[PDB]
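Structure 1 and structure 2 below are two forms of the same protein chain, each written out on its own as C-alpha cells.
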Structure 1
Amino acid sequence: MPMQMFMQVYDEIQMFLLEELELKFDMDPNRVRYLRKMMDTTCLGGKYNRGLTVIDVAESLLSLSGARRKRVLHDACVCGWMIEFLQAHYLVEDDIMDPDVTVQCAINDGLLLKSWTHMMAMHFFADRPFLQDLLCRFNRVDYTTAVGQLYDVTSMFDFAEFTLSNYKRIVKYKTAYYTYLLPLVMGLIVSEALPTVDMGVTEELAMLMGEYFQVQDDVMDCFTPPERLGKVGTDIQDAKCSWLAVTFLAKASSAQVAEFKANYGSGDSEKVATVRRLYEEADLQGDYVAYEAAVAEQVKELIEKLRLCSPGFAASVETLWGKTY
C-alpha cells in the first residue's frame, strides 16, 4: 500500500511536468519522450528509502494526533519524490566526476532534476500554507549537502583532518541532513505538526543514525566483496576520510602510520591490499562492533526522550530505525 501509492503519485508528478513542458514550454514530443526516459532512468531503481520515510512519518501523525487524511498522504508522496529527485540530481553530478553531447546532456539532466523539485512543489503545494517554509528548509538542506561535499572532496588537501570529529562533520552535512533529518521534517510539515516535536532531539537522532549507517558503509566498502556489496570498494584508492582510516591512525604505531601513509590513496592492487592488512591486524572490525553498539544505544535512548512529547513520531522512528535489524 505505501509503495503502491508512492508509484502512483510518481505517474501523477511525471505527467504534469512533461505536459507543462509540452503545453507551456514549446517542447516537441521527441524531447518530451527523451525526458520521460531520462526521468525514469535517474529517479526509478533505488529502494526509495528517503521518499518512503516521509510517508511513514505522515501516516503515523494522522491516526495519532476525514478528508484531511487523503491530502496529507498525497502531500507526503510529493515531498517523497522531491527528495528522490534531489537524490537523482546528486547521483547525476557524481557521474560527471567520473563538443561532447553526452556530457552536456548529463549536466543538463542534473539541472533539470533539481529544478523539477521546485516545479512539483510550486504546483502541488500552491495553496498549502507551508510552501514558503518547505522550500526554504529544502534549499538550506540542499546548500548543506553541497557544503558537506566540499568537506569530503577536500578532506586530504589544503592527514590532519582525519579525526573523529571532522568525520562527523562530513557525515553530518554531506549525508545526514538530507537523508535522515530532511525526510523526517517533511513528514511533520505535511502533517502540520512541526512545532510539536523537539527539533534538537530530532536533529541529534538524525546525526546519530547517519553516523551509524556511514560507519557500516565504510567497513562494507573495504571488506564486502564486489558481488555482495553491489559496487567496487574505492575509498582506499580515493584516499577518503573513512571511519576505518581515522580509527586506525589513533591506535597504530609510528611505523604502521608510516606504512599506512605510504600506501593510502594509491590505485595499486598491492598497496590497497597492504592497507586492508593493516586494518585487519589492528582489530578494527572488533572495534566496529562495539562502536555501532554504543551508537545504537544512543539512538534507543533519544527515541524515548522524543516520545514524551511526540509518541507517534517516535513510533515511526522506531520502525524506521528497526527496519532490517
Structure 2
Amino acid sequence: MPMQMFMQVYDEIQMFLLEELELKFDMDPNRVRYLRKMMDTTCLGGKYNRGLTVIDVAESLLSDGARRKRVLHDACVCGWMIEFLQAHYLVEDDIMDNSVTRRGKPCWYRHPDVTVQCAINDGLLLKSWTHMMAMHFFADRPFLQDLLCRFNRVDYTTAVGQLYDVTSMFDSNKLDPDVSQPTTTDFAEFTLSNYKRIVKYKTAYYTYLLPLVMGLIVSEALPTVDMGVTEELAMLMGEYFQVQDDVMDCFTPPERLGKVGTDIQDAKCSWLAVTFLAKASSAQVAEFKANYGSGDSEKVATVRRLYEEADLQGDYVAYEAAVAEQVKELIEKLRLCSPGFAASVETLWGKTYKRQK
C-alpha cells in the first residue's frame, strides 16, 4: 500500500506545482503539458528506494490516529523531495555522461522534442520543485528550517562528488581552467582512496543518509538514534550501492538495467577500473590504456574482456561479503537503543544487498 499512498501524494504535488504555474507564472497549457510530461518521465520509473525508505522509517518509528496520518503524509512529501532531487541529478548527469537511455527509455535530453539547452533548464526546474513543494507543504511544520538546511547540505555534497567524478580522468596537478589537458595517461589517480571519495560524496549522502534522516525528522525521532553509527552505515551501504552501479554499467544488459553503460567509454574512475589497475600487470595495464575511454565498441569489448580475465568477480564477491559483515554488526549495534529504526535500516539493506535492477 505505501507505493499507492506515495503515488497518491505525487498527483497531489503535481497538481499544486502545475496549477501554481498556470495561476502565478501565467504559463500556457502547452508548456504546462510539457512540464507534466517532463515531471512524470524524469521522476517516475525508478525503483523509488529513496522515497519508499522515508515512508518506512516514519511508519516504523510510529510511537494518536491523526498523527500517524500526518506523519505518513509528511514522509511522502520528503520522499518526493529526494526523488525529485535524483531526477534533477540524473537529467544533468546523463548530459554530463553522454548516456543513451534511462529507466528503459531515452535519456531526457534525448527525447525528440527536447533539446539539450532546454533539458539543462528542465533539470534546474526539478531542483526548484523540491523547495517549492517543501515550502508549500511544510510551511507550518517547525522542523522546516532544519529539514531544508540538511537537504541543501546533502544536495551540495552530491554536486561536489560529481565534480570528483567528472574530473577523475584528468591529472589534477595539471587541472587548470586556462590550459587544455588530455585524459590522464598514467591513471596514477585511479585509486580506491580516490574512488572512495567520489562515491561517498556523489552517492552515499543523498541515496542513503538523507532518506533515513528525513524519516527521523518527520517522525520527530532524530535525537533518538546513534547518528554516528547511522552515518557509518549510510556511508558503507552507499559505497556498496555505487560499486554495484559500476559493475552493472559494465555487465548488466540494458534491457535489464534500463540504461546503456558509458563508464569505459567515458574513461571513468569506476570500481572495476581502480580494482583492475591495482591488481593488473604492466602488460594488462598497457592494453587497458590502449582501449579505455574509447567509443569504439571492439575496444570496450577488450576492456570488458580484460576485467573478466583478472577475476574482478572474485574481488567483488569478497568485498560484498566484508560489507555484509559490517552492515550486520552496525545494525545490531543500532538495534540496541533504536529497535524500530534499526529495522527500517535493515529493510533498506534488503533492497540493496545483491540487487539486480
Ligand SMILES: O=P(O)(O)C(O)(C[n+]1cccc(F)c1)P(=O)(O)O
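Here, rigid core means the biggest group of C-alpha atoms that superpose within 1.5 Å across both forms. Here, a residue number simply tells you its place in the sequence of structure 1, counted from 1.
Remark: structure 1 matches the stated condition (the form solved without this ligand).
Of the residues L194, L150, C105, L135, just one CA atom moves 2 angstroms or more between structure 1 and structure 2 under rigid-core superposition; it belongs to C105. Core-superposed comparison between structure 1 and structure 2: the CA of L35 exceeds or equals a 2 Å shift. Relative to the superposed rigid core, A239 undergoes a CA displacement smaller than 2 Å between structure 1 and structure 2. Relative to the superposed core, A315 shifts its CA atom by less than 2 Å between structure 1 and structure 2. Note on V92: its Cα is shifted 2.1 Å between structure 1 and structure 2, core used for superposition. Taking the core as the fixed frame between structure 1 and structure 2, we note the C-alpha of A126 moving 1.0 angstrom.
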